Amino acid sequence: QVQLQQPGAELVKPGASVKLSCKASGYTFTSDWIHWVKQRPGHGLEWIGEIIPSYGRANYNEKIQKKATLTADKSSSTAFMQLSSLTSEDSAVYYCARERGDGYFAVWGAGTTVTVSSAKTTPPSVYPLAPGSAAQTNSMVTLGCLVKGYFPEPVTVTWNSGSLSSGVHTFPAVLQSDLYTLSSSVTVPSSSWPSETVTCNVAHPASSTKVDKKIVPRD
Amino acid sequence: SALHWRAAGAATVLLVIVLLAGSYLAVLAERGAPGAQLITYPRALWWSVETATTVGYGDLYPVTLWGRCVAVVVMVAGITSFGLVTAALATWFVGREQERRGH
Amino acid sequence: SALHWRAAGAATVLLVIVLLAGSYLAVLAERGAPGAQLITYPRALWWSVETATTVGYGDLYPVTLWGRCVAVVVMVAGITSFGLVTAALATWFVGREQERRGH
Amino acid sequence: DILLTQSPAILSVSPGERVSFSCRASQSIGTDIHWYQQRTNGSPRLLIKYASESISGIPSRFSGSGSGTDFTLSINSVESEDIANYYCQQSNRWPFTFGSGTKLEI
Amino acid sequence: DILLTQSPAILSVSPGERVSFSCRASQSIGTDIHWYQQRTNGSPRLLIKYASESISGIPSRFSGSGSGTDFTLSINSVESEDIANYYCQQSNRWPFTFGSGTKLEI
């Protein structure tokens with residue numbers, strides 16, 4: 001089972017502060033340290049700091065401006081990182097990880113995408129993408145779904161609740177006028193559709209929303 | 001069982017505890033200090049043994065105040081422990097020799 | 001209080017003084033020698049402890065003649081001190097064992 | 001602090017070919033080097049610990065070597081699923097640090 | 001003797017911007033590095049001791065990091081009063097030595 005659970009995203013207005021969480025499960029030892037690693041888009045991993053829950057002491061990277069403060073709740077097995085007075089430079093994915101006191105990160109959280117912006121949250125609009133009536137099908141058929149008008153990142157797109165993974169392409173979002181837009185592609189044997197249903201599931205953590213859209217042939 | 005044998009036993013059990021707490025404590029104090037190498041439990045335990053034995057490889061040692069404090073405790077605990085065993089042994093021989101002399 | 005316990009106590013108090021004077025003295029002798037690292041009081045005190053315990057990290061040591069002289073004194077003082085405690089302990093066990101034998 | 005240098009930043013290999021990633025430490029760190037894999041949009045995943053120790057669940061295709069200041073992560077017969085970013089991380093001295101990463105391209 | 005190298009000799013920054021001074025030691029000196037500030041016609045003033053220890057009376061804007069041979073003095077959001085010369089000084093081995101200095105320019 002998922003050892004470290006982190007919120008998908010957090011939207012923060014410039015100057016404000018946010019408290020990220022990391023709920024842990026599985027074996028817990030007094031020697032466990034919880035780490036936090038920052039990763040800006042397209043860039044590498046940057047260590048932020050650590051904390052040992054059994055004692056409550058934390059250490060921080062000295063090379064960078066201290067934006068965080070770590071704390072931990074033993075009863076709830078949850079570690080918290082308070083990031084304060086953020087700017088656009090603080091926008092990135094923040095992972096938490098577990099180290100058994102032996103120097104390596106055995107497991108990582110899924111990370112929390114933090115976006116520092118004044119813009120407002122906006123759930124995405126999901127539209128189907130079915131072939132036109134004049135489109136000739138081969139031994140396979142390509143469908144997909146358009147996800148636009150959302151903010152902030154990210155959005156997770158799955159096919160048939162995840163049962164469909166092979167032949168799936170989800171394109172990187174593009175930003176235009178404070179809103180993101182992306183499409184996901186799925187290819188299945190031409191024979192299996194529409195006989196066998198195909199639906200794309202789009203979850204948007206920032207708005208706490210998750211919608212489904214069945215892909216059926218055009219009228 | 002005679003005192004000296006019980007004490008020795010005690011000292012050993014006590015030493016093992018000090019080795020363990022020492023290891024833990026050492027890591028706790030050392031993390032956060034730039035360039036510290038005494039920062040993971042396993043080697044910390046090896047560090048505590050060599051410290052208790054006053055062996056001296058120098059492959060590892062503390063650089064923070066509390067780390068060093070913890071260190072002093074382990075050294076003392078170790079030397080005292082090993083010295084107590086010696087006393088115990090001396091007491092054993094002394095008693096036997098007395099016998100061998102008819103006393 | 002018996003002699004051996006008083007002596008041990010004494011040796012400890014004496015050791016602590018030697019550690020302190022040693023630290024001070026060590027800095028005094030070491031400054032001025034190019035490349036010396038035994039040149040500030042705080043680490044000098046840490047240097048004196050490890051010296052007294054014959055621990056051996058090697059993270060620090062003297063390079064001047066007087067520094068080394070001071071060093072020899074701290075080593076001796078330390079070994080003698082710790083050896084005296086052992087004797088004291090041996091004397092304690094010996095006395096008790098005699099009792100346990102009715103003498 | 002210990003600087004971990006991972007060069008080249010990008011490595012191009014033909015399918016089924018053996019590939020080697022390099023990680024150099026600014027100072028001798030024994031074998032306290034660890035490797036992680038990070039695919040697109042995924043989190044980092046431990047591949048090798050203490051330079052050459054295998055991790056259960058990881059293909060026998062992955063192996064590590066090196067000690068001191070030069071370390072190497074190797075993949076025998078590369079395959080598509082291997083396309084990702086690779087980082088090295090040291091735990092020899094505080095604070096822990098990461099390499100700048102290397103991207104495997106087929 | 002330990003040589004402390006401070007380069008660049010001049011650092012130009014825009015107001016409110018973060019700035020970093022560099023001091024490299026010819027040999028590993030732990031964290032026995034200390035920073036001083038010297039404004040025009042003034043005497044040197046201790047800013048940071050033992051690489052990263054804060055000094056009472058000094059703005060939280062100043063911070064230091066580094067250990068071994070590479071050290072860094074940082075200023076968050078620079079401001080006019082920060083215009084001066086900055087020196088590093090080692091106390092790891094005898095005799096103590098100073099960096100050649102770095103001038104902050106806004």
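Where a number appears in this text, it was derived from the coordinates with a stated rule and is not lab data. Here Cβ is always computed from backbone atoms with ideal geometry, including for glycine, and neighbour counts include all displayed protein chains.
Worth pointing out:
- A Förster radius of 25 Å combined with the Cβ-Cβ distance from D:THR69 to D:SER20 puts the calculated FRET efficiency at roughly 0.95.
- Taken along the Cα-to-beta-carbon direction at a fixed 7 Å, the label points for C:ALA87 and A:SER75 span 5.9 nm.
- Computed E for B:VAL55/A:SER25 - FRET, C-beta separation, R0 41 angstrom, nearest 0.05: 0.50
- Local net charge near A:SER77, Cβ-Cβ under 14 Å (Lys/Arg +1, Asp/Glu -1): +1
- Ranked B:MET75, A:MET81, criterion: other C-beta atoms within 10 Å, fewest first: B:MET75, A:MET81
- Principal-axis tilt of helix B:3-30 within chain B, Cα atoms, nearest 10 degrees: 0
- Length gained when the stretch A:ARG218-A:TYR55 is fully extended (0.36 nm per residue, less Cα-Cα span): 52.5 nm
- Theoretical ellipticity at 222 nm over chain B - DSSP helices of four or more residues, -39500 (n - 2.57) apiece, nearest 500: -26500 deg cm²/dmol
- Peptides E:73-79, A:31-37 ranked from most to least packed give A:31-37, E:73-79, packing being the mean of other C-beta atoms within 10 angstrom over each peptide's residues.
- Shape of region A:90-207 from the C-alpha gyration tensor: oblate (a/c of 1.5 or more and a/b not above b/c, with a ≥ b ≥ c the square roots of its eigenvalues).
- Only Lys, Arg, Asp and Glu carry charge here, each on its Cβ (+1 for the first two, -1 for the last two); on that basis the protein assembly as shown has a dipole of about 1060 debye about its Cα centre.
- Gyration tensor verdict on the protein assembly as shown (Cα atoms; rounded if a/c is under 1.5, prolate if a/b is larger than b/c, oblate otherwise): prolate
- Rounded to the nearest 20, the Cβ-based charge dipole of chain A about its Cα centre (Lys and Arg +1, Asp and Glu -1) stands at 280 debye.
- Its relative contact order, with pairs defined as Cα atoms under 8 Å and 6+ residues apart, puts chain B at 32 percent.
- Sorted ascending by nearby beta carbons within 10 Å, beginning with the fewest, D:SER22, E:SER54 become E:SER54, D:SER22.
- The angle between the Cα long axis of helix B:41-53 and the longest principal axis of the Cα atoms of chain B comes to about 40 degrees, rounded to the nearest 10.
- Footprinting exposure proxy ranking of E:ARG18, A:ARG98, fewest other C-beta atoms within 10 angstrom first, gives E:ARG18, A:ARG98.
- The mean number of partner chain beta-carbon atoms within 10 angstrom of a residue's beta-carbon across peptide E:19-31 is 1.
- Cα gyration tensor, chain D - rounded (a/c under 1.5), prolate or oblate: prolate
- Averaging the sequence gap over all C-alpha pairs within less than 8 Å and six or more residues apart, then dividing by the number of residues, gives chain D a relative contact order of 39 percent.
- For A:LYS38, the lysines whose Cα falls under 26 Å of its own Cα, not counting residues fewer than eight places away in the same chain, are A:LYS13, A:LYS19, A:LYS23, A:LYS63, A:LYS66, A:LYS67, A:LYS74, A:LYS120, D:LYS49, D:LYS103.
- Scanning residues 5 or more positions from A:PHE151 or on other chains, those with amide H under 5 Å from its amide H are A:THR122, A:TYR180, with H placed 1.01 Å from N in the peptide plane.
- Exercise: per-residue mean of other protein chain Cβ atoms within 10 Å, B:61-72: 3
- Helix B:65-100 and the longest principal axis of the Cα set of chain B meet at an angle near 10°.
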